[PDB]
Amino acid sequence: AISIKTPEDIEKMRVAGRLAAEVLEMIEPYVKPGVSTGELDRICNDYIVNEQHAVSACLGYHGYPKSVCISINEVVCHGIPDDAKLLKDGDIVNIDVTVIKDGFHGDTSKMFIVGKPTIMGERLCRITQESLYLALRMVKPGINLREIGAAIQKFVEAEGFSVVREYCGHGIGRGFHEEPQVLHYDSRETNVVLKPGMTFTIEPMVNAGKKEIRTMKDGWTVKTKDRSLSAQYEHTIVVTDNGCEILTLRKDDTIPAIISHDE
């Protein structure tokens, strides 16, 4: 089944969601050519721990050694911060954050383009965010998650890109990952009708090339099989009576926090 968050739990989710979003707004100025992903991770952890007085849900997760996941270019997800990995002009980088505050999780990620952007990098990032946005605009009571996944896939493929099938969005609350699973493509296995109070994430992973991926021998890093670029954006939301409310909205987002479908 699915969990319906109480008004009180939703407020706690707003707090946690805001903190997760603020980690991304905070790190922005540091995402420069020459900086190491290891350094970015330390900055994020110190901020989460010393200033937000929260905890990273990534640290120790199944043995994961870092506080955030940082994925560059062909890396699809779960990139491990490393002091030896330096960002450079043209890189597209995803920093994925999940913090726990007052028992609840806030989960969000965004793409950052390093220094001088490349046209293809900007396009992939733009389309990926647009696929997340179109999905968010569909969220409202009564709609099926399958319809949303199908819409994301149709949009992405029309642009000549592909959607990663191995990973998905998910319910969230006192648990990092809870039911339901939010696939970003059409699937006969998906039959979930939304209800007010449900909290979950939408986080499509889009490849510029083919959908196939590969996991590295370090046990964490996932890359595109064809080494093409891959991008991802993620937001945590709560379903409302006439639409949804984005809990991890940032100043740079260009979609309303509260989306309504009523007249």
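All residue numbers refer to positions in the sequence shown, first residue = 1. So that the term is clear: the rigid core is the largest set of C-alpha atoms that superpose within 1.5 Å between two forms.
Asks: Please pick 60 to 68 or 231 to 239, whichever has its Cα atoms farther from the shown form in 9 other deposited structures of this protein after a rigid core fit.
Replies: Between 60 to 68 and 231 to 239, the one lying farther away in 9 other deposited structures of this protein is 60 to 68.
Asks: Mean C-alpha B factor from the entry: is it higher for 227 to 235 or for 59 to 67?
Replies: Higher mean C-alpha B-factor: 59 to 67.
Asks: Return whichever of 44 to 52 and 210 to 218 has the greater mean Cα B factor according to the PDB record.
Replies: The stretch with the larger mean CA B-factor is 210 to 218.
Asks: Go through 79, 106, 180, 90 one by one and give the residue whose Cα B-factor in the PDB entry is largest.
Replies: Within the set 79, 106, 180, 90, 180 shows the top C-alpha B-factor.
Asks: Quick check for you: using the entry's CA B-factors within this chain, is residue 161 in the lowest, middle or highest third?
Replies: Its C-alpha B-factor belongs to the lowest third of this chain's values.
Asks: Classify residue 204 as lowest, middle or highest third according to the C-alpha B-factor given in the PDB entry, relative to its own chain.
Replies: According to the entry, residue 204 has a C-alpha B-factor in the chain's lowest third.
Asks: Looking at the entry's B-factor column for C-alpha atoms only, identify whether residue 132 ranks in the lowest, middle or highest third of its chain.
Replies: Lowest third of the chain for residue 132's C-alpha B-factor.
Asks: Which third of the chain does residue 197 land in by C-alpha B-factor: lowest, middle or highest?
Replies: Within its chain, residue 197 is a highest-third residue by C-alpha B-factor, going by the deposited values.
Asks: Would you mind checking where the Cα B-factor of residue 10 ranks among the modelled residues of its chain, as the lowest, middle or highest third?
Replies: Answer is highest: the recorded C-alpha B-factor places it there.
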